Structure formats: C-alpha cells, structure tokens
Amino acid sequence: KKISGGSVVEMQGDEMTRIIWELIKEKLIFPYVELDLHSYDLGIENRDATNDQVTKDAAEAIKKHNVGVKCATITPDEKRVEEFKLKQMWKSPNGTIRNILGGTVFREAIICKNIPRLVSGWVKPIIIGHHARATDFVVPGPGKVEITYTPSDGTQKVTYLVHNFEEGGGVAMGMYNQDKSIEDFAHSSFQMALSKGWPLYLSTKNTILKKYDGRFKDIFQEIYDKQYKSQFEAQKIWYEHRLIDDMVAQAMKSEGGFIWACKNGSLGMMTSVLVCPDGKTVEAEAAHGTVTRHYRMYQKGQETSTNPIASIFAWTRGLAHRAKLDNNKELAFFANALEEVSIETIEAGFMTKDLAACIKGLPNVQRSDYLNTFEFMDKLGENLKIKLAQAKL
Amino acid sequence: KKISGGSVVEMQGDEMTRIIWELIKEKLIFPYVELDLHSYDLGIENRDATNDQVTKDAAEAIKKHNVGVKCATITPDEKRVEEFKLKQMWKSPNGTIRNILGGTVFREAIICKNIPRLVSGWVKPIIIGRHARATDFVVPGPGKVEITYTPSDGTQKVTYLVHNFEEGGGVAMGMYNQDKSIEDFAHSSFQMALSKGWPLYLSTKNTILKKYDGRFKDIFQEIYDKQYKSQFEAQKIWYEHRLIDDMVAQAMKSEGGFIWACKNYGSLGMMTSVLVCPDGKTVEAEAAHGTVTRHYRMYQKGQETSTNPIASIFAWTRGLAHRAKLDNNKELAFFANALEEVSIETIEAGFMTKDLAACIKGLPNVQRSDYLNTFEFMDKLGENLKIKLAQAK
Ligand SMILES: NC(=O)c1ccc[n+]([C@@H]2O[C@H](COP(=O)([O-])OP(=O)(O)OC[C@H]3O[C@@H](n4cnc5c(N)ncnc54)[C@H](OP(=O)(O)O)[C@@H]3O)[C@@H](O)[C@H]2O)c1
Ligand SMILES: NC(=O)c1ccc[n+]([C@@H]2O[C@H](COP(=O)([O-])OP(=O)(O)OC[C@H]3O[C@@H](n4cnc5c(N)ncnc54)[C@H](OP(=O)(O)O)[C@@H]3O)[C@@H](O)[C@H]2O)c1
C-alpha cells in the first residue's frame, strides 16, 4: 500500500508546466505515495488575487518543512501585465523565495547513453553551482573615479583610485560580497557534495583578483578543514581548488561525477535545486520555464510534445531529500525507481520531439520518431508500475 | 618560377607544432613563394638563452612589417622551469606580443562538409571576437563602501555606494573601461566584417548592467554610421546589435557566415586565431591550439603520430592573404586562397588525420585505415597543392 511520504511543500505554476505538473502528480506520484501536502498555488492569477501574498507564504512553508518542489511560474513584464491585467508587476517568485530561503542553486543535466552530450566523455553528470549587486555608471568626460571604504568604528577611511580618466570618458563599476554569503556558498557546496557522494571543485581566478577571489579560496579551505574534511574521506571524497582554466580543461577530459562550484544539452533534462546552508532545507525545480509556445498550441487543441523529465526530477530530488531527512527507506527507493524509469524509458527509444531532435536533427524528425506529451506520460506510468512490481521481490 | 610574397615576420614554436611548422614551410610555402623573411626563434630554449628578448624583438618586428605568423609556443609553469632548467618563469609569448601590439583577437573554426559541426546547419564559418585592469581589496567591515566620480571639470560630484556592510566585512572592487578601448574594439571588428565580407553582430547583456553594456551598444553605432555604413551597404552587408539570448537563438537557426563581437565576460586542429590591430594595418595569425605536447611525447618515443596541421597552415594563409591584400599582390593573394582550398578539399575527399576521423566515426570506432599520420597527411596536401597550382596555370 501507499508510501508514508511526510510533509512536503508543493507549488503550482503556469501554462504548459502547470499542465504536465498535474499529470506527473496523479500518474507518477500519487498512486504510490501519500503526503502531508502543503500545497500552494503560485499561478499568476492567484499571485495577483492574493497580492503575491501566496508566494511569501510558500517560502515561509519551505523554511518550516525543509522540502519544497516547484512548478515553473510566469515572471511578469509589460506584455504579461497587459495579458493578465495584472494589478501590478510582481517579482519573480524564485527571487522572492531565494531571498527568504537563501542558499546556492545547483543544476545538473541528467545523462542518457544515447543522448549526444556537449562532450561525449561525460558518462557521469556534473553538478554546477553558480554563486548568487553591481553598481555600474557612465563616465562622461575627464575626471577621477575612486572607490572609497569608510569603517563604521570611526577608523581611518580608505580611498582607492580605480581610474583617472585624463582624456576621454568611459564607464565604471563597483562590486562587493559579504563573508556570510561566501560561507553560505561554501557550506551549500560542501553539503551538496556529500549528499551526491561526489568530489567538490571550486574554480576561481585569484591570480588576477588576488584579494577578491583570494578571499573565496580561503573561506572555502578554512571551512573545509575546520569542518567537512573528515566526512569527505568517509566517502572517499575530497575538495580541491582549481584555477578556472585548469578546471575547464580538466573537465572536458573528465567523465563527470563531481560538484563544480564556480564564482560567477536539452532543457527538458535540466534540473535546478536550491540548497540552503543548514543542509536541512531544499527547493527543487525544473531549469526551464513554462514553455509558453507549447502552451499556445495546447490551447488551440493542437498536438504538443513537451518533455517532463526536468519537472519529474524536481519531485524525485525533493522526495529523495525528504526520505534522507526522515530515514524513509521506502521513499528513498521510490525516488530512485522513478528517476531510473525516466532515464530508462528514454534510453529505450521512447521520447519527445525535442529529444528526438537531438538524435536526427530537427528537420529529419518525423512524427513516428517521438511521443507527444500525453502518451509519453503514459509510457512512463507503465514502466513505473512495472519497475515497482519487479522490486516487490 | 616563384611568387614573391614580400616582408613577413615569422615566429617558430615548440614541440610537436615546431615539427609540422617546418614541414609546412618546406612542403607547402617555400617551394612556391619567396619571402623577405624576418624569422624569430620563439623556442623555449632560445627564449631562455636570450632572456625572452627574442620575443620582444619579434613583437617590434610585427609592429613594423604589419604581418606576423606564429608557431605554438610553450608557456612555462613550475614543471616547465624544472624541465628546461629555465632561469625564470617567462611570461606567455602571446601575452608579451599582445601587450605590445594591442588589438582584438578573432577565432574561427575551419569548416569541412564531411566534418560534423555543433549545428549541423552551419555551412559558413563564424568568426568570434571577445573583448579582453581592476583594483580589488578586502573589507574588514562593516562600513559604507562607496564609488565616487568627480569630473576634472571641477563642477559636480556624484557618489554611489556599492554596499554598506553591517553584518561584517568581506571583499569589494572597482572596474573601469577606457572609451578608447571600446572604440578600438569597434574598429578592429568593423574592419574584419569588411575584409571577410560578412555581417557584424555585437551581442551583450545590456539588461543586467545597463550603463556598462549601454556604452558599448552606443559607441559601436556611433562609429558605424560616422565611418562604416557606406562600405557595409556597398558590400551588401550590415552591422546590428542583439542581446546574448536573442543572439544564441537566431544563431542556432542560421547557416553561419558572420562576425560576432562578444563584449561579454569539436576539434582544435581546425581552430585558427588572428589578432587584428585597430589601425587596420597590422595582423598576427596563429593556431588556436597549443604545442600538442602529448603527441610530441609519442613522437619522441618513436610512436606514430597523427597531428592536424590545418590550424597551423591557416596561420600562414591568413597571414599571406593579408600581406597580399596590403601589397595588392594578386599572385600571392591567389596562392593563399589556393592553399586553403587544397586543404579543405583533401579532407572532404576522405584524407584526414586521426582527430577528424574521430569527429565522423567517434573514438572507439576509428580504424587505422580511416586516417593518415602526420607525415602522410602533409604529403597528401603536398601532392594536391602541386596539382591545384598546375591546373590554375
Ligand atoms: N517561474 C520560473 O521558474 C520561470 C523561469 C524561467 C522562465 N519562466 C517563464 O517562462 C515563460 C516562457 O518561457 P520561455 O519563453 O523562456 O520558454 P521556456 O519555457 O523557457 O523554454 C523556452 C523554449 O525552449 C523549448 N523548451 C523548453 N522547455 C521545453 C520542454 N520541456 N519541452 C520542449 N521544449 C522545451 C521550447 O521552445 P521550442 O519547442 O519552440 O524550441 C520553449 O518554448 C516566461 O513567462 C518566463 O517568465 C519562468
Ligand atoms: N602559444 C600558444 O599558441 C599556446 C597555446 C596554448 C598552449 N600552449 C602550450 O601548449 C603546451 C601544451 O598544450 P596543451 O597541453 O594544451 O595541449 P594542446 O596543444 O593545447 O592540445 C592538447 C590536446 O589538444 C588536441 N589537439 C590540439 N591540437 C591538435 C592538433 N593539431 N591535432 C590533433 N590534436 C590536437 C590533442 O588531443 P589528443 O589528446 O586527443 O591527441 C591534444 O592532446 C603547453 O605548454 C602550453 O604552454 C601554447
């Protein structure tokens, strides 16, 4: 009978994704798992009606229950405001959540043998985690641009000359970064390496930006030694700093299987995951958007061919983490079974137009080559039911 | 019956590239062309023995004679210093030469019809040109870090604060850009678009850093109309800006055949590189790859090697094409084109090195009968060049 899921914060999105999102939930998740579901509706209309209140609530909920899976949501601009008569132009919910939760987002392309990688050497996937401010202005004519720092303890103020424009004009910039943000970026990155049981590489450019990127390299080591070095060995893992050039060269000549945290391939396969520093809280979401083009055709009754893998893994990565926290072996296994069924269904010849396009090039793609949105969800459901029954032994 | 090419500054390199470099001169260039050769020996040993003076001299030589063709050269690290018993870790020759000549570099993959591209639609080459100080410091913090600009003018004074630390210090920095630098980028770029008779695109992420990238979009426009519009229309060409995202996309749907200027922050034997000084006079052509050390270590052991000489060859052809262009040397200009044709033809005709046979069949499926070794391929190109030059007579 059903699996004891636990508390999970689900968040519904917009357009095409919101549609495939309902199919995932009922076909691949519900028939097998029971969840204390804290479901919030981040549909643009509802964010409007509730004055974005809902978005904040949802972030507050994730903060509490540590686990949240999200559907792609419309981030509004001029065109959207007119499209929906939006009483205002609301901020990207991801942005809202990110500020309330913090942490570092990690992306990972799931790899199928028969999927033309951007380098045929990667049989194992590579998780990347960008760090995430700029005060730029224009210099009209001759003048002096300096960057000063005034300490709050009344200490001597310090002024650096960034450039002294003696003839023409130009442009200028100011950039910053608190220690707290770098620490959070480190822990996020270390814990992520542990969960995925893989090595952690920090690429930087502290040869030039000696003081700037230097701080990064330090903050990381200081943390990696005071903490996390022991556990890293407990899994044969290690953390090592590589200059941005050694990395990129090493990575191409690499078979993947590591976490790349740098300071700075189909989308239906890409999955973004926010990892809060505490190692407790996590949000998971597809990298792609709402796929509006597909949605348009869907509305007109036309046949659509959307890839649901990115969205599916948002659930499995979320659920996986839920199990992790709760020692739920039953759930832990289900997550896997689903991820596998997904990769396997594809490595068996069943896929959507976009994936088929990878193999035979967009033009040469005939209808017989791919499955549209529905029957592909079905195919996954079938294989899922199967795989699961097989495990019962 | 030898063509007379004229004055050409040549730089010799290290390891495997030094080998094929001499093969090209002996087999493909010298037998047909006579040059007032200003040849400099940028071998790692000679640089050491001369205290990298040879490098500065070669840069001064190019600055004077307008044309320089360079062989791949070892850039020393700690392992190099120990290997060659160097008496210093000399700076990258490329860097030394750049600092002296200035200008913008343009990379371009040589395209073959029997060789796979990233976009199978790409039939015409795509030339890309990126834009290559900054004061950074550590914030003890907290405190207000502000960037101020006071016009030498003496009048106004504006202060923006990059951040006000309260949590505790971190790190900050200040960027800048001469107007000059952007103008030189523009000229260098526009000229390449004309000399290659292709449309110029400038991609940037204006949205994010409006003020910075804004100055780029403008200066380009300003200089275009003021100086370069006629020529473009004359050659049925044009220039036009785009955001990175709209660039990547309309590119994926293109056949190529355009210059691409990146303001922004496959096989290598086919990757060339040209440094275009803004004066429109001086140029340096070189392979985009290294000395191919792994291949050299094999050569040293007596093992058979298969190194792609295409990039190296095109360093000569691009160079000679520009000498001709400068001297209105019809003959030379023809030979340059003839040599580029013989190369792409030989490859499209089945004869190629191992790395290329890999692009078509993939590593694990390459047989010895699918490619030629370094010396066989060079011999093959030799035969055809002789024929091509015979038929055109
Ligand atoms: N809330 C979020 O997390 C989030 C994030 C980013 C963007 N968005 C919203 O996304 C909306 C539109 O996004 P977008 O226009 O950038 O499109 P998208 O959803 O980002 O995807 C762009 C295009 O790539 C292709 N594609 C992406 N995912 C696909 C999939 N699963 N299956 C098949 N094809 C796929 C489709 O084009 P083709 O099939 O024509 O090639 C799609 O139209 C915007 O309102 C934006 O605000 C939301
Ligand atoms: N001044 C320059 O132009 C320049 C630039 C970069 C590096 N370097 C020097 O290059 C030396 C070594 O370079 P590296 O280690 O980066 O190697 P590389 O010369 O950059 O190339 C290494 C790999 O590139 C592939 N490759 C590049 N050119 C090739 C060609 N023509 N034919 C076949 N394969 C080619 C080969 O792959 P396979 O392993 O599959 O055979 C080779 O193993 C270093 O000392 C560096 O200082 C010089």
# chains A, B, ... in the order shown; residues from 1 in each chain; ligands from 1
call {"tool": "select_by_dssp", "arguments": {"residues": "segment 182-382 of chain B", "states": "strand (DSSP E)", "output": "PyMOL selection string"}}
result
chain B and resi 200-204+239-243+256-262+271-276+283-287
call {"tool": "interface_residues", "arguments": {"of": "chain B", "to": "chain A", "cutoff": "9 Å", "atoms": "only C-alpha atoms", "output": "number ranges by chain"}}
result
B: 118-120, 133-154, 160-163, 165-182, 208-212, 214-215, 266, 362
call {"tool": "closest_atom_pairs", "arguments": {"of": "chain B", "to": "ligand 1", "cutoff": "12 Å", "atoms": "only C-alpha atoms and all ligand atoms", "output": "CSV"}}
result
residue,atom,partner,partner_atom_place_in_ligand_line,distance
B:245,CA,ligand 1,16 (O),9.9
B:246,CA,ligand 1,16 (O),11.1
B:249,CA,ligand 1,41 (O),9.5
B:250,CA,ligand 1,41 (O),11.7
B:252,CA,ligand 1,41 (O),10.6
B:253,CA,ligand 1,41 (O),10.7
call {"tool": "write_last_selection", "arguments": {"atoms": "N, CA and C atoms", "output": "mmCIF file, in the first residue's frame"}}
result
data_model
loop_
_atom_site.group_PDB
_atom_site.id
_atom_site.type_symbol
_atom_site.label_atom_id
_atom_site.label_comp_id
_atom_site.auth_asym_id
_atom_site.auth_seq_id
_atom_site.Cartn_x
_atom_site.Cartn_y
_atom_site.Cartn_z
ATOM 1 N N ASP B 245 20.915 36.318 -25.549
ATOM 2 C CA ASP B 245 19.918 35.264 -25.677
ATOM 3 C C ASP B 245 19.308 35.250 -27.075
ATOM 4 N N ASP B 246 19.002 36.435 -27.594
ATOM 5 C CA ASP B 246 18.434 36.559 -28.932
ATOM 6 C C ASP B 246 19.497 36.277 -29.983
ATOM 7 N N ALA B 249 20.051 32.234 -30.048
ATOM 8 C CA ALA B 249 18.894 31.599 -30.673
ATOM 9 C C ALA B 249 18.883 31.732 -32.197
ATOM 10 N N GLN B 250 18.940 32.967 -32.691
ATOM 11 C CA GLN B 250 18.895 33.208 -34.134
ATOM 12 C C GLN B 250 20.151 32.639 -34.796
ATOM 13 N N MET B 252 21.452 29.578 -33.694
ATOM 14 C CA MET B 252 21.143 28.153 -33.779
ATOM 15 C C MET B 252 20.307 27.829 -35.017
ATOM 16 N N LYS B 253 19.639 28.843 -35.561
ATOM 17 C CA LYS B 253 18.791 28.656 -36.732
ATOM 18 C C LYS B 253 19.443 29.197 -38.000
#
call {"tool": "residues_near_ligand", "arguments": {"ligand": "ligand 2", "cutoff": "6 Å", "atoms": "only C-alpha atoms and all ligand atoms", "output": "MDAnalysis selection string"}}
result
chainID B and resid 72:75 94 268:269 288:294 307:309 355
call {"tool": "write_last_selection", "arguments": {"atoms": "N, CA and C atoms", "output": "compact mmCIF listing (two decimals), in the first residue's frame"}}
result
# COMPACT_ATOMS: atom_id res chain seq x y z
N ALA B 72 52.96 27.64 -32.38
CA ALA B 72 52.60 27.42 -30.98
C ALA B 72 53.85 27.37 -30.12
N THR B 73 53.81 28.06 -28.98
CA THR B 73 54.96 28.17 -28.10
C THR B 73 54.62 27.83 -26.65
N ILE B 74 55.49 27.05 -26.01
CA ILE B 74 55.34 26.69 -24.61
C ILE B 74 55.28 27.91 -23.68
N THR B 75 54.22 27.99 -22.88
CA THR B 75 54.16 28.96 -21.80
C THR B 75 54.52 28.25 -20.51
N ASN B 94 52.63 34.99 -26.21
CA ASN B 94 51.40 35.56 -26.74
C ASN B 94 51.03 36.83 -26.00
N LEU B 268 40.38 20.86 -32.39
CA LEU B 268 41.20 22.05 -32.25
C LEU B 268 42.12 22.27 -33.44
N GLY B 269 42.46 21.19 -34.15
CA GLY B 269 43.32 21.30 -35.31
C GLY B 269 42.70 22.18 -36.38
N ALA B 288 45.04 28.23 -32.88
CA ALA B 288 44.37 28.46 -31.61
C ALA B 288 44.71 27.38 -30.58
N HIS B 289 45.40 26.33 -31.02
CA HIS B 289 45.79 25.24 -30.13
C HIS B 289 47.20 25.43 -29.56
N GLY B 290 47.64 24.48 -28.74
CA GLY B 290 48.95 24.54 -28.12
C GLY B 290 50.01 23.82 -28.93
N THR B 291 51.07 23.40 -28.25
CA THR B 291 52.18 22.72 -28.91
C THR B 291 51.90 21.24 -29.07
N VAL B 292 50.71 20.83 -28.64
CA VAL B 292 50.29 19.43 -28.72
C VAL B 292 51.35 18.53 -28.11
N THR B 293 51.58 18.70 -26.81
CA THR B 293 52.66 18.02 -26.11
C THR B 293 52.49 16.50 -26.08
N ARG B 294 51.28 16.03 -25.82
CA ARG B 294 51.04 14.59 -25.73
C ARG B 294 51.49 13.87 -27.00
N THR B 307 48.91 14.35 -36.22
CA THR B 307 48.58 15.71 -35.80
C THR B 307 47.99 16.52 -36.95
N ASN B 308 46.91 17.22 -36.65
CA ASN B 308 46.21 18.05 -37.63
C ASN B 308 46.94 19.37 -37.84
N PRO B 309 47.38 19.64 -39.08
CA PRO B 309 48.20 20.82 -39.35
C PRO B 309 47.36 21.96 -39.87
N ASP B 355 42.22 12.88 -35.46
CA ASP B 355 41.26 13.67 -34.70
C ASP B 355 39.99 13.93 -35.50
call {"tool": "residues_around", "arguments": {"residues": "residue 117 of chain B", "least_positions_apart": "5", "cutoff": "10 Å", "atoms": "only C-alpha atoms", "output": "ChimeraX atom specification"}}
result
/B:109,111-112,122-123,266-267,359
call {"tool": "write_last_selection", "arguments": {"atoms": "C-alpha atoms", "output": "compact mmCIF listing (two decimals), in the first residue's frame"}}
result
# COMPACT_ATOMS: atom_id res chain seq x y z
CA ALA B 109 36.84 27.10 -36.99
CA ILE B 111 34.66 24.22 -41.86
CA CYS B 112 34.52 20.97 -43.85
CA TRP B 122 26.49 25.60 -40.12
CA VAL B 123 27.93 25.76 -43.62
CA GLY B 266 34.89 19.77 -31.51
CA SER B 267 38.40 19.59 -32.98
CA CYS B 359 34.56 13.58 -35.33
call {"tool": "closest_atom_pairs", "arguments": {"of": "segment 270-325 of chain A", "to": "segment 12-34 of chain A", "cutoff": "6 Å", "atoms": "only C-alpha atoms", "output": "Markdown table"}}
result
| residue | atom | partner | partner_atom | distance |
| --- | --- | --- | --- | --- |
| A:290 | CA | A:17 | CA | 5.0 |
| A:291 | CA | A:16 | CA | 5.9 |
| A:295 | CA | A:16 | CA | 4.7 |
call {"tool": "residues_around", "arguments": {"residues": "residue 367 of chain A", "least_positions_apart": "6", "cutoff": "10 Å", "atoms": "only C-alpha atoms", "output": "list in words"}}
result
residues 352, 353 and 356 of chain A
call {"tool": "write_last_selection", "arguments": {"atoms": "N, CA and C atoms", "output": "PDB file, in the first residue's frame"}}
result
ATOM      1  N   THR A 352      10.299  12.579 -26.405  1.00  0.00           N
ATOM      2  CA  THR A 352       9.529  13.666 -27.001  1.00  0.00           C
ATOM      3  C   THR A 352      10.290  14.340 -28.140  1.00  0.00           C
ATOM      4  N   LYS A 353       9.579  15.165 -28.905  1.00  0.00           N
ATOM      5  CA  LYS A 353      10.128  15.780 -30.112  1.00  0.00           C
ATOM      6  C   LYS A 353      11.502  16.398 -29.893  1.00  0.00           C
ATOM      7  N   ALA A 356      14.165  13.659 -29.547  1.00  0.00           N
ATOM      8  CA  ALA A 356      14.313  13.055 -30.861  1.00  0.00           C
ATOM      9  C   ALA A 356      15.124  13.982 -31.761  1.00  0.00           C
TER      10      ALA A 356
END
call {"tool": "select_by_dssp", "arguments": {"residues": "segment 35-254 of chain A", "states": "alpha helix (DSSP H)", "output": "number ranges by chain"}}
result
A: 44-49, 53-65, 78-84, 93-101, 179-195, 212-226, 229-233, 244-252
call {"tool": "residues_around", "arguments": {"residues": "residue 221 of chain A", "least_positions_apart": "4", "cutoff": "9 Å", "atoms": "only C-alpha atoms", "output": "list in words"}}
result
residues 216, 217, 225, 226, 239, 240 and 241 of chain A
call {"tool": "residues_around", "arguments": {"residues": "residue 100 of chain B", "least_positions_apart": "3", "cutoff": "12 Å", "atoms": "only C-alpha atoms", "output": "PDB file with N, CA and C atoms, in the first residue's frame"}}
result
ATOM      1  N   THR B  55      61.493  37.513 -27.953  1.00  0.00           N
ATOM      2  CA  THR B  55      60.054  37.716 -28.020  1.00  0.00           C
ATOM      3  C   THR B  55      59.706  39.180 -28.261  1.00  0.00           C
ATOM      4  N   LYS B  56      60.289  40.069 -27.465  1.00  0.00           N
ATOM      5  CA  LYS B  56      60.031  41.495 -27.611  1.00  0.00           C
ATOM      6  C   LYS B  56      60.429  41.969 -29.005  1.00  0.00           C
ATOM      7  N   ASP B  57      61.535  41.438 -29.513  1.00  0.00           N
ATOM      8  CA  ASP B  57      62.017  41.822 -30.832  1.00  0.00           C
ATOM      9  C   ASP B  57      61.043  41.421 -31.936  1.00  0.00           C
ATOM     10  N   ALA B  58      60.467  40.231 -31.809  1.00  0.00           N
ATOM     11  CA  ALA B  58      59.520  39.726 -32.794  1.00  0.00           C
ATOM     12  C   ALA B  58      58.262  40.581 -32.798  1.00  0.00           C
ATOM     13  N   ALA B  59      57.865  41.041 -31.617  1.00  0.00           N
ATOM     14  CA  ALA B  59      56.695  41.894 -31.485  1.00  0.00           C
ATOM     15  C   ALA B  59      56.958  43.252 -32.122  1.00  0.00           C
ATOM     16  N   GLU B  60      58.177  43.754 -31.957  1.00  0.00           N
ATOM     17  CA  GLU B  60      58.562  45.017 -32.572  1.00  0.00           C
ATOM     18  C   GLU B  60      58.651  44.855 -34.086  1.00  0.00           C
ATOM     19  N   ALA B  61      58.982  43.640 -34.516  1.00  0.00           N
ATOM     20  CA  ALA B  61      59.129  43.322 -35.930  1.00  0.00           C
ATOM     21  C   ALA B  61      57.783  43.264 -36.636  1.00  0.00           C
ATOM     22  N   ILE B  62      56.784  42.709 -35.955  1.00  0.00           N
ATOM     23  CA  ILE B  62      55.431  42.657 -36.492  1.00  0.00           C
ATOM     24  C   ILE B  62      54.853  44.061 -36.550  1.00  0.00           C
ATOM     25  N   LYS B  63      55.065  44.817 -35.480  1.00  0.00           N
ATOM     26  CA  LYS B  63      54.580  46.186 -35.391  1.00  0.00           C
ATOM     27  C   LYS B  63      55.065  46.989 -36.589  1.00  0.00           C
ATOM     28  N   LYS B  64      56.207  46.592 -37.142  1.00  0.00           N
ATOM     29  CA  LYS B  64      56.823  47.334 -38.234  1.00  0.00           C
ATOM     30  C   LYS B  64      56.434  46.826 -39.621  1.00  0.00           C
ATOM     31  N   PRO B  93      54.544  34.196 -24.344  1.00  0.00           N
ATOM     32  CA  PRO B  93      54.954  34.995 -25.502  1.00  0.00           C
ATOM     33  C   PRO B  93      53.744  35.706 -26.096  1.00  0.00           C
ATOM     34  N   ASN B  94      52.631  34.987 -26.211  1.00  0.00           N
ATOM     35  CA  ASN B  94      51.401  35.559 -26.742  1.00  0.00           C
ATOM     36  C   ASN B  94      51.027  36.827 -25.999  1.00  0.00           C
ATOM     37  N   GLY B  95      51.102  36.766 -24.675  1.00  0.00           N
ATOM     38  CA  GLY B  95      50.794  37.917 -23.856  1.00  0.00           C
ATOM     39  C   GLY B  95      51.725  39.062 -24.178  1.00  0.00           C
ATOM     40  N   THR B  96      53.020  38.773 -24.172  1.00  0.00           N
ATOM     41  CA  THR B  96      54.033  39.781 -24.444  1.00  0.00           C
ATOM     42  C   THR B  96      53.743  40.496 -25.753  1.00  0.00           C
ATOM     43  N   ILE B  97      53.440  39.713 -26.782  1.00  0.00           N
ATOM     44  CA  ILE B  97      53.166  40.255 -28.103  1.00  0.00           C
ATOM     45  C   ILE B  97      51.884  41.080 -28.119  1.00  0.00           C
ATOM     46  N   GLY B 103      45.032  45.433 -29.839  1.00  0.00           N
ATOM     47  CA  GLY B 103      44.084  44.936 -30.820  1.00  0.00           C
ATOM     48  C   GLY B 103      43.186  43.821 -30.317  1.00  0.00           C
ATOM     49  N   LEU B 275      44.989  38.154 -34.397  1.00  0.00           N
ATOM     50  CA  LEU B 275      44.982  39.412 -33.646  1.00  0.00           C
ATOM     51  C   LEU B 275      44.941  40.614 -34.583  1.00  0.00           C
ATOM     52  N   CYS B 277      44.910  44.440 -35.072  1.00  0.00           N
ATOM     53  CA  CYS B 277      45.145  45.765 -34.529  1.00  0.00           C
ATOM     54  C   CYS B 277      44.133  46.720 -35.134  1.00  0.00           C
ATOM     55  N   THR B 282      48.182  46.144 -39.112  1.00  0.00           N
ATOM     56  CA  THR B 282      48.922  45.027 -38.538  1.00  0.00           C
ATOM     57  C   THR B 282      48.012  43.855 -38.204  1.00  0.00           C
TER      58      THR B 282
END
call {"tool": "residues_around", "arguments": {"residues": "residue 99 of chain A", "least_positions_apart": "5", "cutoff": "10 Å", "atoms": "only C-alpha atoms", "output": "JSON, numbers by chain"}}
result
{"A": [59, 93, 94]}
call {"tool": "closest_residue", "arguments": {"among": "B:316, B:40, B:90, B:201", "to": "residue 284 of chain B", "atoms": "only C-alpha atoms"}}
result
B:316
call {"tool": "closest_residue", "arguments": {"among": "A:331, A:200, A:371, A:286", "to": "residue 3 of chain A", "atoms": "only C-alpha atoms"}}
result
A:331
call {"tool": "atom_distance", "arguments": {"atom1": "atom CA of residue 234 of chain A", "atom2": "atom CA of residue 184 of chain A"}}
result
22.7 Å
